[PDB]
Amino acid sequence: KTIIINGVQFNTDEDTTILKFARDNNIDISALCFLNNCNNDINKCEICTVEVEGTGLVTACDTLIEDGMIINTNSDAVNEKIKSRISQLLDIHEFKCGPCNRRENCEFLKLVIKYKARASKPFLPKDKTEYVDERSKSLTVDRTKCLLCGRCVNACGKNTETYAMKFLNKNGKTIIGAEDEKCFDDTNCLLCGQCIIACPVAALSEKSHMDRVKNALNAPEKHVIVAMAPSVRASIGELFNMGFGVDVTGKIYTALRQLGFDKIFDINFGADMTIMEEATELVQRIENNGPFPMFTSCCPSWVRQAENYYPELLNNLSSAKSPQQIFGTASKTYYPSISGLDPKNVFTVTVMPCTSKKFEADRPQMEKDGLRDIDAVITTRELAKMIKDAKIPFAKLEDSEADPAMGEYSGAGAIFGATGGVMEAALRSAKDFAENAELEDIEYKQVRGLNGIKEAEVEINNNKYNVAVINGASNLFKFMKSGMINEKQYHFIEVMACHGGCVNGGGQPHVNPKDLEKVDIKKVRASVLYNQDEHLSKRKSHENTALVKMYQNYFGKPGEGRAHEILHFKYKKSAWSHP
Ligand code: 402
Ligand code: SF4
Ligand code: SF4
Ligand code: SF4
Ligand code: SF4
Ligand code: FES
Ligand SMILES: [Mg+2]
Ligand SMILES: [Mg+2]
């Protein structure tokens, strides 16, 4: 094919869109509703308008190049059309960036600036409460910001195949929302937040826990523990202009101390606890020749997916609490026992790359003797805002260490945040446990990486077992619906709702679509975690020194007795009932 773009001739056999071809050849075309190789098929945004000679104005993002095409991306007519489209979006947009939570990295603001667009009549809503939905424990909607670009609907479809985010006709006007405009929690929604990650503006956000945290910090009698997820240390630096793939663990510890938290622990300690219990459970299932398979239970969006779509699997879920909840349970029991704190005065905060962790922490039964396992969960983004609001110079902070008693972690815990990390971590301990050995070969590269469904054969005590790693909620559906679960007997299956694992969770820093094409965000964030594992002295969860002391002095033997009494949680399908 011979293509001419802005007077430049190209000769190509590529079969692709104008947008993709132009961008591959360093020709600027704007886009808004195009993302994840999809645009908004109904009511296209047309920000990607170009002019094709003999045809007129076309959308570059969904028009294939054809031989003989003569294209102009920057004519007066093209720019007036794009400016008009942005102007019409401003007409439905509460354009007040000052207090907006996307002020620093908004895609729409960049387009408004680029085209110098202005509303025909400013959109100034008197009563915002009609536009805002904060009922969810995890998600919130601010429709005064919504561009009806469809990126959340497309992302939910692709990431989960639930189509829990939908277009709705609300009193004659188009909105996005959950089925029948219900609270997301009351629908089949997984609360994974991939819709937030896809949103170009501040229309979708996490349910704020910021006030819970500040009120607890300011309460004289509260002793506030903070502990961050594996993924936070591989990601939060993005929001401080430090680039991608930067390990900022020590700076986080320092910032949390400067924020006034009273104890600095780490959820990777809870990850090692989860492995203690789950690898022990796997060995008991092996020794009892069932029940198989056992599924991980640490991703609360996967738990919701099982509850909503596969309730017959709930009995197969590991009973070990997630790293967050298992840490939290220990923070109200073991921690007072080594500190003198009144358990009622301990307030446990986690920092997560995840929105469904808020739903998990707020599950009614996730408590004991009136004490919540976890009192507040803030996302990576929320912690970034806290640090900036306190004027803490994050990129310049010196490194500090965590408090050790619930803060040490092994390399197995460190890799939890990548798809296959829980699998690899659990196998390192289950094989030692079952063979009564301290084995040297601990790297299970077969379960790593971005393939959507991964499987491997492992040898445990001179028998062979089959494991699988499901990498993304849509791939859970593919694995089940395609019958893949029945090609062989699976014994242990890891499921994460977010493709790439928690490093790509719904509470993570937004990345604009341009950077997403230069940077493999899922692999670059996960690289921080595998690097920590490679350089840590202890690379198995049962070699964590602070954890071994806690089990010896307080919990006893994992998987039974006291440990099973309080560190476990079982989900039950609803009993049969009609209708
Ligand atoms: N609880 C828990 Fe996890 C741990 O450890 C996180 O904190 Fe994850 C991350 N990063 C998140 O969110 S949840 C799913 N298992 C893998 S990692
Ligand atoms: S969503 Fe973007 S354009 Fe709209 S108010 Fe917030 S920062 Fe400004
Ligand atoms: S939270 Fe996940 S499942 Fe729910 S609407 Fe958003 S993308 Fe879909
Ligand atoms: S919520 Fe965000 S992604 Fe969804 S349609 Fe509105 S602006 Fe687009
Ligand atoms: S994969 Fe991690 S970040 Fe994503 S929903 Fe599950 S627990 Fe949350
Ligand atoms: S970016 Fe092409 S129609 Fe929206
Ligand atoms: Mg399309
Ligand atoms: Mg305080």
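Count residues from 1 along the sequence. For the numbers below, each heavy atom of this structure counts, side chains included, while hydrogens, waters and symmetry mates do not. Counting starts at 1 for both ligands and their atoms, following the listed order.
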**Complete:** Numbered in order shown, the ligand 1 atoms found under 4.0 Å of a heavy atom of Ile267 are 4 (C), 5 (O), 7 (O)

**Prompt:** What atoms of ligand 1 come within less than 4.0 Å of a heavy atom belonging to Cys354?
**Reply:** 12 (O)

**Message:** Let me check your reading of the structure: within less than 2.8 Å of the Mg ion (ligand 7), is there an N/O/S atom from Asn39?
**Reply:** yes

**Request:** Taking only heavy atoms of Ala271 into account, list the atoms of ligand 1 that are under 4.0 Å away from them.
**Result:** 5 (O)

**Request:** Output the atom name for the N/O/S atom of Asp41 with the smallest distance to the Mg ion (ligand 7).
**Result:** OD1

**Asked** In terms of atom number and element, which parts of ligand 6 are under 4.0 angstrom from non-hydrogen atoms of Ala31?
**Response** 1 (S)

**Request:** Apply the side-chain contact (heavy atoms from CB on, under 4.5 Å) test between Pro353 and each candidate in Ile236, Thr380, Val503; give the one that qualifies.
**Result:** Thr380

**Request:** Look at the rings of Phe477 and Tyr310 and say which category their plane angle falls in: under 30° parallel, 30 to 60° tilted, over 60° perpendicular.
**Result:** tilted

**Request:** For atom 8 (Fe) of ligand 1, find the nearest protein heavy atom and state the residue, atom name and distance (0.1 Å precision).
**Result:** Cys502 SG, 2.4 Å

**Prompt:** Should the pair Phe555 and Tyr334 be assigned to parallel (<30°), tilted (30 to 60°) or perpendicular (>60°) ring geometry?
**Reply:** tilted

**Asked** For ligand 1, which atoms, with element, lie under 4.0 Å from some heavy atom of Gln324?
**Response** 1 (N), 2 (C)

**Fill in**
If you scan protein heavy atoms around atom 3 (Fe) of ligand 1, the nearest is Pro323 CG, 4.0 Å

**Asked** Considering only the protein, which heavy-atom contact is closest to atom 16 (C) of ligand 1, and what is its distance?
**Response** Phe416 O, 3.0 Å

**Asked** Is there a donor-acceptor pair under 3.5 Å between the side chain of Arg428 and the backbone N or O of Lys540?
**Response** no

**Request:** Could you tell me whether the side chain of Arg233 and the main chain of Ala229 form a donor-acceptor pair under 3.5 Å?
**Result:** yes

**Message:** Please list, in number order, the atoms of ligand 1 under 4.0 Å from a heavy atom of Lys357.
**Reply:** 1 (N), 2 (C), 12 (O), 13 (S)

**Prompt:** How far is atom 3 (S) of ligand 6 from its nearest protein heavy atom, and which residue and atom is that?
**Reply:** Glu46 N, 3.4 Å

**Request:** Establish, yes or no, whether a centroid distance under 6.0 Å links the rings of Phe479 and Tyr490.
**Result:** yes

**Prompt:** How wide is the angle at atom 4 (Fe) of ligand 6 between SG of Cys45 and SG of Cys33, to the nearest 10°?
**Reply:** 100°

**Message:** Distance under 4.0 Å to a non-hydrogen atom of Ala229: what atoms of ligand 1 satisfy this?
**Reply:** 6 (C), 7 (O), 9 (C), 10 (N)

**Asked** Under a 4.0 Å N-O cut-off, is there an ion pair linking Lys538 with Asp272?
**Response** no

**Request:** Check whether any side-chain N or O of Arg372 sits under 3.5 Å from a backbone N or O of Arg363 as a donor-acceptor pair, and report yes or no.
**Result:** yes

**Asked** Where the side chain of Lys454 meets the backbone of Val447, is there a donor-acceptor pair that is under 3.5 Å apart?
**Response** yes

**Under-4.0 Å salt bridge between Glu443 and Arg539** = yes

**Asked** Are the side chain of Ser301 and the backbone of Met496 linked by a donor-acceptor contact shorter than 3.5 Å?
**Response** no

**Asked** Is ligand 1 under 4.0 Å from a heavy atom in the side chain of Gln325, in the backbone, in both, or in neither?
**Response** neither

**Request:** Taking only heavy atoms of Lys44 into account, list the atoms of ligand 6 that are under 4.0 Å away from them.
**Result:** 3 (S)

**Request:** Within a distance under 4.0 Å of any heavy atom of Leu32, pick out the atoms of ligand 6 and give their elements.
**Result:** 1 (S)

**Prompt:** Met496: heavy atom below 4.0 Å from ligand 1, yes or no?
**Reply:** yes

**Message:** Can you tell whether the side chains of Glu367 and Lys332 come within less than 4.0 Å, N to carboxylate O?
**Reply:** no

**Prompt:** Quick one: does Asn40 get within less than 4.0 Å of ligand 6, heavy atoms only?
**Reply:** no

**Asked** Which ligand 6 atoms are under 4.0 Å away from a heavy-atom of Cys48?
**Response** 1 (S), 2 (Fe), 3 (S)

**Item:** Sidechain N-carboxylate O distance under 4.0 Å for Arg212, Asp362
**Value:** yes

**Request:** Enumerate the atoms of ligand 6 whose separation from the nearest heavy atom of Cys61 is less than 4.0 angstrom.
**Result:** 1 (S), 2 (Fe), 3 (S)

**Asked** Can you list the ligand 1 atoms lying under 4.0 Å from a non-hydrogen atom of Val422?
**Response** 15 (N), 16 (C)

**Request:** Using a strict 4.0 Å cut-off to heavy atoms of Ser231, name the atoms of ligand 1 that fall inside it.
**Result:** 9 (C), 10 (N)

**Message:** Closer than 4.0 Å to some heavy atom of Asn39 - which atoms of ligand 6 meet that?
**Reply:** 3 (S)

**Message:** Could you tell me if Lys137 sits above the aromatic ring of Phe359, with its cationic atom closer than 6.0 Å to the ring centre and no more than 45 degrees from the axis?
**Reply:** yes

